[PDB]
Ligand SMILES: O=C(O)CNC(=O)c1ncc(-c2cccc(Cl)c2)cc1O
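Consider the single chain below, provided in structure tokens and representing the form solved without the ligand.
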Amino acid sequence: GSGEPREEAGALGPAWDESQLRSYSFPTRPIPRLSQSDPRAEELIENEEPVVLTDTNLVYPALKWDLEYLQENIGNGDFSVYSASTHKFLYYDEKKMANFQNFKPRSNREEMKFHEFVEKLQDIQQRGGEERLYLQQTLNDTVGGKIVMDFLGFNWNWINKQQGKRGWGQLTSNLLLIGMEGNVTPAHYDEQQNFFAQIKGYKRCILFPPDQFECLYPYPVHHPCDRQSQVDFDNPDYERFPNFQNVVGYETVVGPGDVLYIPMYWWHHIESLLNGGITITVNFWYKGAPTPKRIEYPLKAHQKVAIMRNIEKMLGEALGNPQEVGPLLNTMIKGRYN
């Protein structure tokens, strides 16, 4: 699925090896790895299909980053450091905890200074694989001059050529990520174009097209975990999510100089290879190209997902209580569209 490991330059041996990939209950096809000059790449990006561009130098200067360097050249600054009790990082939207008062969060986020992060990070590495941390921070923290330089060294010309050539809109977000081995962010989906610039370490990426909605079972729109598959990929419950047995995604392993496009609405599942050491990556999120007023039929999968999403929110308003959403949809269907 992820293909045979790539060989490191200067006979340094296979980049990674199969034992470092976690086990899953489904097939996968490889995402094509190409050059930014290859016409087929611009194509795939235009038909909103994932690609792995290998020579964009988007993050060239950052390829030298590492803990030591980073702590040494970054200002005090606050760094959101997410922590989990296992490999699965269970992120959640606080603003929606009211709607599901019995939802107990399993991913604390603590603000701390970079060095403090490195500390706890090493601690775990000496006592043991207890928690797993994940520092996610934006690239606007006036950080060490050294860093700002590197941030400037990024290939903006290129990435911008995209933002315009593709017709997308504003760059919604830009985060820096440093994780440990085995870190996994369960499958989920954004409604924005994605570019993941791998830097240090290798990351396994698994994507499912929006049309795989019926097999992934997102949480209810009003649920803290909205946009995330409810299926434990480590132990699917085919009794509740039977169509998970029909899921099929594209996968690939990204290394230091690679940039993976993740078309909006797609489902991505990210995991830092086991025994692969720490991983550093910077991600970019561009708001999508404004939708055409002329809607052609039939609709693309994401257009439906849009529809579904809205109707749910719509009933949230109407009924004045997101809990009643379910019961309504059911009476509306049972015996009628069953």
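Each residue number is its position in the shown sequence, starting from 1.
Although not depicted, the form solved in complex with the ligand is the subject of the following passage.
Of the candidates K146, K113, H188, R166, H188 is the one whose heavy atoms come within 4.5 Å of the ligand in the deposited bound form; the others do not. Comment: the ligand is not present in this chain, but in the deposited bound form one of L177, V231, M180, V247 has a heavy atom within 4.5 Å of it, namely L177. The ligand in the deposited bound form is approached by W285, whose closest heavy atom lies within 4.5 angstroms of it. Though the partner is left out of this view, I270 does reach within 4.5 Å of the ligand in the deposited bound form, counting heavy atoms only. When the ligand is considered in the deposited bound form, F154 lies well away from it, no heavy atom lying within 4.5 Å.
Though the partner is left out of this view, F196 does reach within 4.5 Å of the ligand in the deposited bound form, counting heavy atoms only. Shown alone, this chain has one stretch from 211-219, 71-79, 131-139, 231-239 that lies within 4.5 Å of the ligand in the deposited bound form by heavy atoms: 131-139. Residues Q192, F196, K203 of 192-207 are found to place at least one heavy atom within 4.5 Å of the ligand in the deposited bound form.
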